[PDB]
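Report on the structure given below.
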Number of protein chains: 2
Amino acid sequence: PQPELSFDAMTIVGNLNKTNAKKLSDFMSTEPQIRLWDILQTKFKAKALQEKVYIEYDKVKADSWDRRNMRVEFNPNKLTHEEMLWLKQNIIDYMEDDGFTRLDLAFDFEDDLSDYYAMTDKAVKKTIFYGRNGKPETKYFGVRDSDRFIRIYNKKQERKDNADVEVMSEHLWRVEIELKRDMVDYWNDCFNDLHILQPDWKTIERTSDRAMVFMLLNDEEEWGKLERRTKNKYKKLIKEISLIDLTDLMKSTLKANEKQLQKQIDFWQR
Amino acid sequence: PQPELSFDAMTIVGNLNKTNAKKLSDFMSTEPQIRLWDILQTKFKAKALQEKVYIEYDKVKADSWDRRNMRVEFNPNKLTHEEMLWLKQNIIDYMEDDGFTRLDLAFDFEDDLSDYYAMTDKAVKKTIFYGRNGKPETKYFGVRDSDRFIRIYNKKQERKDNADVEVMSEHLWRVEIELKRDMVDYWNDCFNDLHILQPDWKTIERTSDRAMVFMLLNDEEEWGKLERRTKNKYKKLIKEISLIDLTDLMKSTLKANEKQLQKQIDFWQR
């Protein structure tokens, strides 16, 4: 099936007038439905819309480092159009120099991806959480504080664990692609290096090759020991080996929805 | 070599009088060298000894979980005898029902443990943090909120990352054993189920060799592809190879230091 695609988090950074700082700070105090703390004239913090939006202002940090002085954070999938309009009119519009600092792509699949092998052709860090079973439940590729980070994990299990309403599907896995700083502008093709695979090594006829791969695919630590020219050889081979690569479906769904998603972004920037 | 062993964290939980709550709350306010916040009559938080000791009191949250109402947290390796005596006299003594909630065993090794891994006789959950190189830096066995949790990680790398003074040894790895709640009393012979192992093939110097074996050990059909002259080379190699189990050295060092460690505990409970 085609995976559902959506933005899953958005950060927006901007700068705020002396006049507007207060104006906005003033406004917020009057509304009991917003939660205010860490207040000074140069500082404030806030959560709004039943704690779905984080809002932070700090000028002295902003002056200390040559940066923008207000962030707004939230997940658009959990906001109501009504709400989105409220937030734009009452917060975002009053920011200047405003743009995106974060942007997350969420591909939901109704398959089980435990059984796929997820890989980057690039030489980066990883993290794997295994279940009691010895099988993987959550995978991270890259590091969170970076231009690009990827999670692949069992959404069903994660939703169940979070006491969310249970799901009609028998399997549900997400593939989240966190784009920060300048990478946000390339969201429409950000999983070029990424592949989600599953091959059948038997059908291959070179013997040492098959062993070597089989090991790489069954002890992730063994990548750590391999010479760099070697790493590339086996990266090549892995990709070269598998029939169905879900990358292709992702790229497709992305293209199919590029225009809507694009509009959805444009909305915030006007 | 024999690994250095020590307790690496201690939590102490107790209960505090109405009288003593204030008394202590009063005492602390007078010392500018201790940092007080989140104050109510039922609540208070504090860090002392240059932020090395956390201290938290909460009556409303003690009973709401059916526990004792004050924690004191700290790493004994980073405290001065002077300091330890200060803390006992000015804090711990005024607690009643006092006992240990947490206790961590730290085995430092001057070897490289990258290729070693732990297994209980259970198939518990796991976490592995890999470096950019593809090698493992940190391994977790179990879950942190439990009677028992184990970290094995590169202390050298972790100390370097923490901007600690660099170390004369070329390798330094720790094996931390976090014991909580009732398990603390059994710090002393846990390893009937447990082994810190290196599998057969891991022990080999040679990448191609170790791959080839791993495959032979995990796919029966791969013998069928191999002329006899090869089979023997790997037959030879297999027999030639043993698992290394560090458990034994740990049990030993533990026994060797049981009495000191035991005294070191007794100190706090008087």
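Labeling convention for the structure tokens: chains A, B, ... as they appear, residues from 1 per chain, ligands from 1 in order of appearance.
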(message) Would you pick out the contacts of range 242-258 of chain B at 12 Å or less, using only C-alpha atoms, so that residues sharing its chain but fewer than 2 positions from it are not included, and give the list as a VMD selection string?
(response) chain B and resid 1 to 7 105 to 109 111 113 115 to 120 174 to 177 186 to 204 237 to 240 260 to 265
Residue subset to file, keeping C-alpha atoms, as an mmCIF file, in the first residue's frame:
```
data_model
loop_
_atom_site.group_PDB
_atom_site.id
_atom_site.type_symbol
_atom_site.label_atom_id
_atom_site.label_comp_id
_atom_site.auth_asym_id
_atom_site.auth_seq_id
_atom_site.Cartn_x
_atom_site.Cartn_y
_atom_site.Cartn_z
ATOM 1 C CA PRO B 1 44.655 -6.943 34.610
ATOM 2 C CA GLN B 2 42.206 -6.751 37.569
ATOM 3 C CA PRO B 3 39.510 -4.100 37.019
ATOM 4 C CA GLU B 4 39.118 -1.314 39.583
ATOM 5 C CA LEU B 5 35.805 -1.663 41.460
ATOM 6 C CA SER B 6 33.734 0.965 43.180
ATOM 7 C CA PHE B 7 30.300 2.198 44.015
ATOM 8 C CA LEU B 105 28.736 -1.054 40.836
ATOM 9 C CA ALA B 106 31.510 0.291 38.619
ATOM 10 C CA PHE B 107 34.072 -2.105 37.141
ATOM 11 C CA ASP B 108 36.724 -0.158 35.170
ATOM 12 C CA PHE B 109 38.933 -2.067 32.725
ATOM 13 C CA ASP B 111 41.296 -3.247 28.048
ATOM 14 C CA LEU B 113 35.668 -4.132 25.431
ATOM 15 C CA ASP B 115 33.727 -6.578 20.942
ATOM 16 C CA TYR B 116 32.488 -7.907 24.239
ATOM 17 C CA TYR B 117 28.786 -8.029 25.088
ATOM 18 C CA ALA B 118 26.671 -9.069 28.043
ATOM 19 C CA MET B 119 23.992 -11.637 28.334
ATOM 20 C CA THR B 120 21.722 -12.609 31.122
ATOM 21 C CA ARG B 174 33.308 0.630 32.374
ATOM 22 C CA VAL B 175 30.684 -1.890 33.327
ATOM 23 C CA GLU B 176 28.111 -0.267 35.519
ATOM 24 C CA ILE B 177 25.517 -2.299 37.354
ATOM 25 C CA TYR B 186 22.176 -8.369 46.870
ATOM 26 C CA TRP B 187 25.022 -6.472 45.303
ATOM 27 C CA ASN B 188 27.254 -9.555 45.905
ATOM 28 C CA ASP B 189 26.562 -12.758 43.700
ATOM 29 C CA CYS B 190 24.288 -12.058 40.762
ATOM 30 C CA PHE B 191 26.189 -13.830 38.007
ATOM 31 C CA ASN B 192 24.664 -17.268 37.913
ATOM 32 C CA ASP B 193 22.519 -16.285 34.912
ATOM 33 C CA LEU B 194 24.920 -13.642 33.677
ATOM 34 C CA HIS B 195 27.950 -13.670 31.409
ATOM 35 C CA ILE B 196 30.030 -10.919 29.844
ATOM 36 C CA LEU B 197 31.053 -12.630 26.773
ATOM 37 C CA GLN B 198 32.754 -12.397 23.468
ATOM 38 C CA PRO B 199 31.423 -14.935 20.999
ATOM 39 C CA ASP B 200 33.690 -17.403 19.286
ATOM 40 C CA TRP B 201 34.368 -15.517 16.022
ATOM 41 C CA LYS B 202 34.694 -12.096 17.618
ATOM 42 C CA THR B 203 38.014 -13.235 19.123
ATOM 43 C CA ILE B 204 39.742 -13.608 15.726
ATOM 44 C CA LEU B 237 39.532 -22.362 13.173
ATOM 45 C CA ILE B 238 36.268 -23.163 14.967
ATOM 46 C CA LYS B 239 37.868 -25.695 17.274
ATOM 47 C CA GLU B 240 40.780 -23.305 17.767
ATOM 48 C CA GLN B 260 35.818 -2.759 52.368
ATOM 49 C CA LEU B 261 32.749 -2.050 50.294
ATOM 50 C CA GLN B 262 30.605 -3.461 53.053
ATOM 51 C CA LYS B 263 32.280 -1.072 55.565
ATOM 52 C CA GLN B 264 31.922 1.794 53.155
ATOM 53 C CA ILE B 265 28.146 1.110 53.266
#
```
Could you give me, as a Markdown table, every chain B residue with an atom at most 8 Å from chain A, plus its closest atom pair and distance in Å to one decimal, counting only C-alpha atoms, rows ordered by chain then number?
```
| residue | atom | partner | partner_atom | distance |
| --- | --- | --- | --- | --- |
| B:123 | CA | A:132 | CA | 5.2 |
| B:124 | CA | A:132 | CA | 4.5 |
| B:125 | CA | A:132 | CA | 4.6 |
| B:126 | CA | A:130 | CA | 5.0 |
| B:127 | CA | A:129 | CA | 4.6 |
| B:128 | CA | A:128 | CA | 5.6 |
| B:129 | CA | A:127 | CA | 4.8 |
| B:130 | CA | A:126 | CA | 5.1 |
| B:131 | CA | A:125 | CA | 5.1 |
| B:132 | CA | A:125 | CA | 4.3 |
| B:133 | CA | A:224 | CA | 5.3 |
| B:134 | CA | A:224 | CA | 3.7 |
| B:135 | CA | A:224 | CA | 3.7 |
| B:136 | CA | A:221 | CA | 6.1 |
| B:207 | CA | A:226 | CA | 7.6 |
| B:208 | CA | A:212 | CA | 7.3 |
| B:211 | CA | A:212 | CA | 5.4 |
| B:212 | CA | A:211 | CA | 5.7 |
| B:214 | CA | A:215 | CA | 6.6 |
| B:215 | CA | A:211 | CA | 5.3 |
| B:225 | CA | A:207 | CA | 7.8 |
```
(request) Identify which of the residues B:91, B:72, B:152, B:184 lies closest to residue 25 in chain B, counting only C-alpha atoms when measuring atom-to-atom distances. (result)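 Among B:91, B:72, B:152, B:184, it is B:91 that comes nearest to residue 25 in chain B.
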(request) Write out as number ranges by chain all residues of range 46-105 of chain B that DSSP puts in helix (DSSP H, G or I) for this structure's backbone. (result) B: 59-63, 76-78, 81-90, 92-94
Let me see the file: selected residues, C-alpha atoms, as a short mmCIF file (atom, residue, chain, number, x, y, z; two decimals), in the first residue's frame.
```
data_model
loop_
_atom_site.label_atom_id
_atom_site.label_comp_id
_atom_site.auth_asym_id
_atom_site.auth_seq_id
_atom_site.Cartn_x
_atom_site.Cartn_y
_atom_site.Cartn_z
CA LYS B 59 5.56 14.96 51.71
CA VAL B 60 2.62 15.26 49.27
CA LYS B 61 4.58 13.29 46.63
CA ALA B 62 6.13 10.81 49.17
CA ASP B 63 2.79 9.45 50.22
CA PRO B 76 30.72 8.81 46.58
CA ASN B 77 33.81 8.61 44.37
CA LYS B 78 33.58 12.40 43.96
CA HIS B 81 36.00 12.21 53.52
CA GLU B 82 35.54 15.66 55.07
CA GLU B 83 32.51 16.18 52.82
CA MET B 84 31.08 12.71 53.51
CA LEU B 85 31.23 13.46 57.19
CA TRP B 86 29.59 16.83 56.67
CA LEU B 87 26.72 15.25 54.74
CA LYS B 88 26.08 12.50 57.31
CA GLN B 89 26.00 14.81 60.28
CA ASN B 90 24.05 17.70 58.72
CA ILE B 92 21.52 11.88 56.86
CA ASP B 93 21.42 11.52 60.65
CA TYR B 94 18.21 13.64 60.76
#
```
(message) So the first atom is CA of residue 79 in chain A and the second is CA of residue 52 in chain A; what is the distance between them in Å, to one decimal place?
(response)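 Separation of CA of residue 79 in chain A and CA of residue 52 in chain A: 7.8 Å.
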(request) Please report, as a VMD selection string, each residue of range 1-249 of chain A to which DSSP assigns strand (DSSP E) when run on this structure's backbone. (result) chain A and resid 4 to 15 35 to 37 43 to 48 53 to 58 70 to 74 96 to 109 117 to 120 126 to 130 136 to 142 148 to 154 173 to 180 194 to 197
(message) Env of residue 100 in chain A: 8 Å cut, atoms = only C-alpha atoms, seq-sep filter 2 positions within chain, self excluded. Answer as a ChimeraX atom specification.
(response) /A:10-13,98,102-103,181,184
Selection file, N, CA and C atoms, as a compact mmCIF listing (two decimals), in the first residue's frame:
```txt
# COMPACT_ATOMS: atom_id res chain seq x y z
N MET A 10 6.96 21.18 13.38
CA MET A 10 7.39 22.43 12.73
C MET A 10 7.89 23.37 13.80
N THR A 11 9.07 23.94 13.57
CA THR A 11 9.61 24.97 14.42
C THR A 11 9.68 26.20 13.56
N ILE A 12 9.36 27.34 14.15
CA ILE A 12 9.43 28.59 13.43
C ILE A 12 10.15 29.63 14.27
N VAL A 13 11.14 30.25 13.66
CA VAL A 13 11.99 31.15 14.41
C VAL A 13 11.81 32.54 13.82
N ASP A 98 11.05 35.86 9.84
CA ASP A 98 10.49 34.57 10.21
C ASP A 98 10.73 33.49 9.16
N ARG A 102 12.85 23.88 11.87
CA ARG A 102 12.65 22.43 11.92
C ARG A 102 11.47 21.96 11.11
N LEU A 103 11.56 20.75 10.58
CA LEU A 103 10.52 20.23 9.74
C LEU A 103 10.61 18.72 9.65
N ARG A 181 17.64 23.39 10.49
CA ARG A 181 18.41 24.50 9.96
C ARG A 181 18.20 24.65 8.44
N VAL A 184 15.88 22.20 5.82
CA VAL A 184 14.42 22.23 5.73
C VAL A 184 14.00 22.56 4.31
```
(request) Please indicate the distance in Å from CA of residue 259 in chain B to CA of residue 179 in chain B, rounded to one decimal place. (result)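 Value for the CA of residue 259 in chain B-CA of residue 179 in chain B distance: 18.6 Å.
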(request) Fewer than 2 positions away in the same chain doesn't count, so skip those; otherwise give me all residues within 10 Å of residue 18 in chain B, counting only C-alpha atoms, as number ranges by chain. (result) B: 15-16, 20-23, 41-42, 59
For C-alpha atoms, I'd like the residues from the last selection saved as a tab-separated table (two decimals), in the first residue's frame.
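Once written, part-v7.tsv looks like this:
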```tsv
chain	number	residue	atom	x	y	z
B	15	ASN	CA	11.63	10.27	56.28
B	16	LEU	CA	11.81	13.59	58.00
B	20	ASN	CA	13.21	18.53	61.25
B	21	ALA	CA	11.81	19.51	57.85
B	22	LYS	CA	11.73	23.14	58.98
B	23	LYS	CA	14.90	22.85	61.05
B	41	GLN	CA	6.03	23.75	53.54
B	42	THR	CA	5.65	20.25	52.08
B	59	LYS	CA	5.56	14.96	51.71
```
